[PDB]
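Remarks on the overall topology
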Amino acid sequence: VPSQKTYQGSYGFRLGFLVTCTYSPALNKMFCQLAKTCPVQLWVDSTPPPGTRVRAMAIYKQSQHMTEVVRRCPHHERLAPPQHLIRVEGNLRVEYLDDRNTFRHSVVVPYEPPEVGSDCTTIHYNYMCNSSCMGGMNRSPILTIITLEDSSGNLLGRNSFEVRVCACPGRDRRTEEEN
Ligand SMILES: [Zn+2]
């Protein structure tokens, strides 16, 4: 299984977050609706090298399920391959990748610096299956792992957040925070 370990790296890489999508810092958890815009901010302390790329991948949070590949349920599976949970919208250079050994899916875009008038780079992710989809995530928590990689694919930085894809993000966040 791919590592989830936070690695700020040489460029001081971290994530930020701004109901269709809501983030709980206390839980390090995003709650979002299926197919809706999920803004994830990339923050760096120094400019990454030319051709730096940003990869997103989902894994199960629980150790006992970590070897299982996160993919869309049969119903939802039937630019993006239909099996992929995570898509990117609003980007002309999206790559959908299937690992030849692990079969794990990921979605990659080029790293771009913040637009003029901004301090961070935003990527709009879409999650295409609900956490509750049986025959898929089966209510089991997932993590999204965001990796900053150089042009050769080498690790520059890593961060992660838990995700629940659900009908009522605000309500579920409140419940999970009360728990
Ligand atoms: Zn589904």
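What counts and what doesn't
- Residues numbered from 1 in each chain as written, not as in the entry; some residues may be left out.
- Heavy atoms only, no water.
- Residues with missing side-chain atoms left out of burial classes, pairs and counts.
- Helix = DSSP H or I, 4+ residues; strand = E, 2+ residues; numbered from the N terminus.
- Rg over C-alpha atoms; globule rule 2.2 N^0.38 Å.
- Salt bridge = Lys/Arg side-chain N within 4 Å of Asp/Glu carboxyl O.
- Buried < 20%, exposed > 50% of the residue type's maximum accessible area, 1.4 Å probe, protein only.
- UniProt positions renumbered as here; feature names shortened; annotations may be inferred.
- Contact = heavy atoms within 4.5 Å.
- Donors = N, O, S within 2.8 Å, 3.2 Å for Na, K, Ca; no water.
- Tetrahedral: all angles 85-135°; square planar, octahedral: opposite > 155°, others 65-115°.

In the PDB header, X-ray crystallography is given as the technique by which the entry was determined, and 1.20 Å as its resolution.

**Quick look at the overall build of the chain**
When helices and strands are counted, the chain shows two helices and 11 strands. Going from the N terminus to the C terminus, the chain shows its helices and strands as β-β-β-β-β-α-β-β-β-β-β-β-α. Radius of gyration (C-alpha) of the chain: 16 Å, near the 16 Å computed for a compact globule of 179 residues. Projected onto its principal axes, the C-alpha coordinates of the chain cover approximately 40 × 40 × 30 Å.

**What to know about the pattern of salt bridges**
A full pass over the atoms with the stated rule returns 11 salt bridges. When the shortest N-O distance is used, the salt bridge between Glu77 and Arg71 registers 3.0 Å. Judged by relative accessible area, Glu77 falls into the partly exposed class, the value being 30%. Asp172 is the salt-bridge partner of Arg164, the closest N and O atoms lying 2.9 Å from each other. What makes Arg164 partly exposed here is its relative accessible area of 26%.

**So, the UniProt feature "binding site: Zn(2+)" in the chain**
Feature annotation in UniProt assigns "binding site: Zn(2+)" to the following positions: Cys73, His76, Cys129 and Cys133. Inspection of the secondary structure puts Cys73 in the loop between β5 (53-60) and α1 (74-77). Under the relative-accessibility criterion, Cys73 is labelled buried at 4%. With residues near it in sequence (within four places) discarded, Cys73 still touches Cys129, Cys133, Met134, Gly135 and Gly136. Mapping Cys133 onto the fold places it in the loop between β9 (121-127) and β10 (142-149).

**As for the coordination of the zinc ion**
Taken together, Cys73 (SG), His76 (ND1), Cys129 (SG) and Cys133 (SG) make up the full set of protein donors to the zinc ion, lying 2.0 to 2.3 Å away. For the zinc ion, the four donor atoms in the first shell make angles of 100 to 123° at the metal, so the coordination geometry reads as tetrahedral. Assigned by exposure class, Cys73 and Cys133 land together as buried.

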